[PDB]
Ligand SMILES: Cc1cc2nc3c(=O)[nH]c(=O)nc-3n(C[C@H](O)[C@H](O)[C@H](O)COP(=O)(O)O)c2cc1C
Ligand code: SF4
């Protein structure tokens with residue numbers, strides 16, 4: 064809730080990288096279910112979360 | 047300036063009798079004057095420059111021996127190219143053919159702005175690149 | 027009158043006085059070292075005055091391009107329409123050989139945070155987003171701690187420094203992509219997308235982060251702004267040659283006795299910089315093979331050129347290279363120069379974003395050819411083929427990374443072609 068309020072209203076998708084990383088810190092890695100959760104919390108299509116996870120190397124998909 | 051005697055003929059040009067076309071393929075045929083549509087699989091527009099005149103498709107059946115595609119239409123493969131619509135109608139009228147003319151369909155100009163992909167308060171913003 | 031030799035900067039003129047973390051980085055240590063002093067007067071002086079001080083200062087970007095900062099920051103000095111205005115501070119230091127921005131963040135955080143406010147006031151910005159790469163976790167935490175102290179002291183936030191100007195400072199962490207150092211790829215990452223650069227136009231000053239006006243300034247370019255305004259542009263412009271003024275942070279790394287980060291005056295001769303601060307090359311200056319003046323993105327130069335070349339934008343351009351990020355990578359005669367540069371091409375193959383054809387397909391192509399030059403499994407006719415391939419990437423790509431992959435190869439072919447052909451001759455003899 065603090066992360067999503069660092070960005071202008073109407074641009075919640077800007078929080079994908081922080082939240083998707085916060086998911087990994089809690090869980091140690093990012094399963095497909097973790098990505099789908101961040102998609103619905105931020106209300107962005109799940110594919111747009113898959114793109115970020117696969118693009119960046121600090122996200123562990125295994 | 048031509049030092050040769052000329053005459054005046056007020057009748058429309060009609061060569062149907064001096065072309066050798068059987069009457070079946072003058073009166074019963076429907077020419078189609080059109081600019082070919084762009085092949086949608088490709089982005090090139092170099093086949094949409096000239097007018098074409100095609101005729102009405104007729105029966106194609108199966109050769110009993112080999113299964114090939116037989117035909118009894120001598121005009122099945124006839125395609126003529128014209129620079130302008132008027133040149134196409136002029137050629138069909140003097141040959142006695144009945145024609146339909148379809149007006150050219152040019153794609154209307156559009157407003158392309160690469161910056162609209164990153165709009166602050168509009169839906170044109172793209173979710174990915 | 028105008029100087030003729032440069033170097034030997036005095037500690038009385040060093041902007042980053044805590045470059046080694048020998049004093050208190052937290053607040054009340056920065057203030058004791060001249061930070062956050064008389065900031066309200068600078069803000070109340072006016073955006074035009076602040077920009078005028080940076081234009082006269084001759085400061086140029088320390089991110090790798092070296093554009094005149096004063097000219098760039100004036101693009102946001104325009105009437106404000108309905109949209110907000112932001113300042114993005116590029117702390118994504120990822121250029122191989124570059125470590126200067128890491129030290130500013132972890133030891134002088136309050137210089138960066140003050141620079142955000144001064145830079146923002148010049149641009150009329152409402153907030154600053156500091157993009158710092160995700161591997162700098164501890165450094166990012168130090169920056170976050172400093173920002174909290176600034177807010178509690180009234181230095182930033184509502185009525186910053188009592189100036190009546192509102193300014194927020196947000197820290198945003200990257201997720202491990204070197205391409206996100208690019209000014210437009212960095213913006214895309216902040217917007218929560220893949221770090222793929224945009225095309226220009228539109229420029230960030232007209233359409234940027236969230237579609238609003240934006241300026242991307244490197245950590246060093248911003249951290250020096252408050253000092254320039256306090257000490258004026260004349261003091262900063264008095265260093266270095268004309269159009270190359272200022273004090274620059276250098277990162278001497280590789281085959282040297284004392285690899286270190288040090289602040290030194292612009293136009294300092296490269297030989298003096300290596301010997302005086304880094305303790306010379308490993309094995310003696312005569313054991314020097316080549317130097318990469320400004321990180322991997324710049325082409326290398328051989329020993330014959332390092333003896334009389336100054337470290338500034340203009341001096342290194344005449345040498346067929348660039349200043350870049352002022353990171354000096356030294357290679358001695360025991361180095362495998364072909365393998366040293368081949369690994370740099372392999373770096374760019376791994377950091378290419380894949381967006382555009384000449385770098386998605388070309389930099390990978392140059393990688394495979396280079397991996398065969400290391401072993402000599404090629405014929406000499408391929409060297410000219412590799413020269414043309416690089417020229418088809420350079421200037422045909424969306425962003426400058428494609429240029430950064432071509433330049434290392436061009437330098438190798440330019441100054442070390444005999445080593446390439448010798449390697450292939452050896453391989454041919456054995457497998458005859
Ligand atoms: C592939 C690539 C990586 C870059 N990485 C950085 C970086 O890590 N830090 C930085 O300040 N500029 C980096 N830049 C340069 C930026 O594009 C831009 O010049 C800089 O953010 C502007 O800051 P300046 O005003 O100090 O020059 C990079 C450019 C490219 C093409
Ligand atoms: S040059 Fe490479 S990194 Fe830059 S936009 Fe093109 S593909 Fe992406």
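Chains as they are written, first to last, in the UniProt record's numbering: chain H, 64 to 125; chain A, 47 to 175; chain P, 27 to 458. Backbone N, C-alpha and C define an ideal beta-carbon position, used for all residues, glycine too.
**Request:** Any chance you could list the alpha helix (DSSP H) runs of at least 4 consecutive residues sitting entirely within the segment 163-207 of chain P, in chain order?
**Result:** 163-178
**Asked** Using the rule of at least 16 other Cβ atoms within 10 Å of the residue's Cβ for burial, across every protein chain shown, is residue 73(H) buried or exposed?
**Response** The sequence position of residue 73(H) within the first chain is 10, counting from 1. Exposed, by the Cβ-count rule.
**Asked** Under 8 Å between C-beta atoms, does residue 116(A) make it to chain H?
**Response** What you label residue 116(A) is simply residue 70 of the second chain in a count that begins at 1. Residue 116(A) does not count as touching chain H.
**Prompt:** For residue 121(P), which of 361(P), 352(P) and 56(P) has the nearest alpha-carbon?
**Reply:** Locating residue 121(P) in the third chain gives position 95, counting from the first residue. Residue 352(P) is the option with its Cα nearest to residue 121(P).
**Request:** Tell me, to the nearest whole angstrom, how far the beta carbon of residue 123(H) is from that of residue 85(H); I am working on the premise that it is less than 8 Å.
**Result:** Walking along the first chain from the start, residue 123(H) turns up at place 60. Walking along the first chain from the start, residue 85(H) turns up at place 22. With 8 Å as the limit, residue 123(H) and residue 85(H) do not qualify as a contact, their Cβ atoms being about 14 Å apart.
**Message:** Between residue 70(P) and residue 189(P), how many whole angstroms is the CB-CB distance? I'm expecting something under 8 Å.
**Reply:** Locating residue 70(P) in the third chain gives position 44, counting from the first residue. Locating residue 189(P) in the third chain gives position 163, counting from the first residue. That pair is a contact at about 6 Å.
**chain A within 8 Å of residue 114(H), Cβ atoms only** = Taking the first residue of the first chain as 1, we reach residue 114(H) at position 51. Yes, contact with chain A.
**Request:** Could you give the DSSP three-state label for residue 257(P): helix, strand or coil?
**Result:** In the third chain, residue 257(P) corresponds to position 231, counting from 1. Here residue 257(P) sits in helix by DSSP.
**Request:** Excluding the 5 residues preceding and the 5 following residue 420(P) in the sequence, name in chain order all residues of the same chain whose CB lies nearer than 6 Å to its CB.
**Result:** The sequence position of residue 420(P) within the third chain is 394, counting from 1. Here the set comprises 429 and 432.
**Prompt:** Between the segment 256-276 of chain P and the segment 155-166 of chain P, are three or more C-beta pairs nearer than 8 Å?
**Reply:** no
**Item:** C-alpha distance - residue 136(A) paired with residue 69(A), whole-angstrom precision
**Value:** Counted from its first residue, the second chain places residue 136(A) at position 90. Counted from its first residue, the second chain places residue 69(A) at position 23. Residue 136(A) and residue 69(A): Cα-Cα distance of roughly 20 Å.
**Message:** What I want to know is whether the C-beta of residue 386(P) ends up closer than 7 Å to one or more non-hydrogen atoms of ligand 1.
**Reply:** Translated into positions along the third chain, residue 386(P) becomes position 360. Because no heavy atom of ligand 1 lies under 7 Å away, the Cβ of residue 386(P) does not count as near it: no.
**Asked** Any heavy atom of ligand 2 within a distance shorter than 7 Å of the CB on residue 222(P)?
**Response** Indexing the third chain from 1 puts residue 222(P) at position 196. Residue 222(P) Cβ: within cutoff of ligand 2.
**Message:** Given 7 Å as the limit, tell me if residue 150(P) has its C-beta closer than that to any heavy atom belonging to ligand 1.
**Reply:** Translated into positions along the third chain, residue 150(P) becomes position 124. Residue 150(P): no, Cβ never under 7 Å from ligand 1.
**Request:** Using the DSSP secondary-structure output, state which residues sit across from residue 153(P) in a beta bridge.
**Result:** The residue given as residue 153(P) occupies position 127 in the third chain. For residue 153(P), which the question treats as bridged, DSSP gives the partners 112(P) and 194(P).
**Request:** Return no unless some Cβ of chain A is closer than 8 Å to the Cβ of residue 81(H).
**Result:** Taking the first residue of the first chain as 1, we reach residue 81(H) at position 18. No, its Cβ sits nowhere closer than 8 Å to a Cβ of chain A.
**Reference residue 253(P); option with closest CA among 374(P), 228(P) and 272(P)** = As a working note, residue 253(P) is residue 227 in the third chain. Among 374(P), 228(P) and 272(P), the Cα nearest to that of residue 253(P) belongs to 272(P).
**Asked** Any beta-carbon of chain H closer than 8 Å to the one on residue 15(P)?
**Response** Because chain P here runs from 27 to 458, residue 15(P) falls outside it and cannot be looked at.
**Request:** Please list the residues of the segment 207-225 of chain P that have a C-beta atom closer than 9 Å to any C-beta atom in chain H, keeping them in chain order.
**Result:** 215, 216, 217, 218, 219, 220, 221 and 222
**Prompt:** Rounded to a whole number of angstroms, what is the C-alpha to C-alpha distance between residue 98(P) and residue 138(P)?
**Reply:** Within the third chain, the letter at position 72 stands for residue 98(P). Within the third chain, the letter at position 112 stands for residue 138(P). So the two alpha carbons sit approximately 19 Å from each other.
**Item:** residue 169(A) at chain P interface by Cβ criterion, 8 Å
**Value:** The residue labelled residue 169(A) in the question sits at position 123 within the second chain. Answer no: the Cβ-Cβ gap between residue 169(A) and chain P never drops below 8 Å.
**Asked** Which residue comes first and which comes last in the alpha helix (DSSP H) that contains residue 133(A)?
**Response** Within the second chain, numbered from 1, the residue matching residue 133(A) stands at position 87. Its alpha helix (DSSP H) spans residues 131-140.
**Asked** Checking contacts by CB at 8 Å: is residue 71(H) closer than that to chain P?
**Response** On the first chain, residue 71(H) is found 8 positions in, with the first residue counted as 1. Yes, contact with chain P.
**Selection from 117(A), 96(A) and 56(A) that minimises the alpha carbon distance to residue 134(A)** = The residue you call residue 134(A) lines up with position 88 of the second chain. That would be 96(A), whose Cα lies nearest to the Cα of residue 134(A).
**Asked** Does the segment 195-206 of chain P come within contact of the segment 112-121 of chain H, defined as at least 3 CB pairs closer than 8 Å?
**Response** yes
**Cβ contact check for the segment 165-177 of chain P and the segment 128-136 of chain P: 3 or more pairs under 8 Å** = yes
**Message:** Any beta carbon from chain H within less than 8 Å of residue 144(A)'s own beta carbon?
**Reply:** Within the second chain, the letter at position 98 stands for residue 144(A). Chain H contact via Cβ: absent.
**Message:** Taking the alpha carbon of residue 39(P) as the reference point, which residue from 291(P), 276(P) and 219(P) has its own alpha carbon closest?
**Reply:** For this step, residue 39(P) is matched to residue 13 along the third chain. Answer by Cα proximity: 291(P).
**Request:** Using 10 angstroms around the beta-carbon of residue 102(H), count the other beta-carbons present and answer buried if the total reaches 16, otherwise exposed.
**Result:** Here residue 102(H) refers to the residue found at position 39 of the first chain. Looking at its Cβ environment, which holds 16 or more other Cβ atoms inside 10 Å, residue 102(H) is buried.
**Item:** Beta carbon proximity, residue 109(P) to chain A, threshold 8 Å
**Value:** Translated into the one-based positions of the third chain, residue 109(P) becomes position 83. Chain A contact via Cβ: present.
**Length-filtered (3 minimum) beta strand (DSSP E) runs lying within the segment 68-138 of chain P** = 112-117
**Asked** By the criterion of Cβ-Cβ separation under 7 Å, what are the contact partners of residue 201(P) in chain H?
**Response** The count along the third chain starts at 1 and reaches residue 201(P) at position 175. Simply 80, 84, 119, 121 and 122.
**Helix, strand or coil at residue 286(P) according to DSSP, with G and I counted as helix** = Translated into positions along the third chain, residue 286(P) becomes position 260. Looking at residue 286(P) - three-state DSSP - the assignment turns out to be strand.
**Asked** Taking Cβ positions only, does residue 94(H) come closer than 8 Å to chain A?
**Response** What you label residue 94(H) is simply residue 31 of the first chain in a count that begins at 1. Output row for residue 94(H): interface = no.
**8 Å Cβ cutoff, residue 108(H) in contact with chain A** = Residue numbering aside, residue 108(H) sits at position 45 when the first chain is read from its first letter. Judged by the 8 Å Cβ criterion, residue 108(H) is in contact with chain A.
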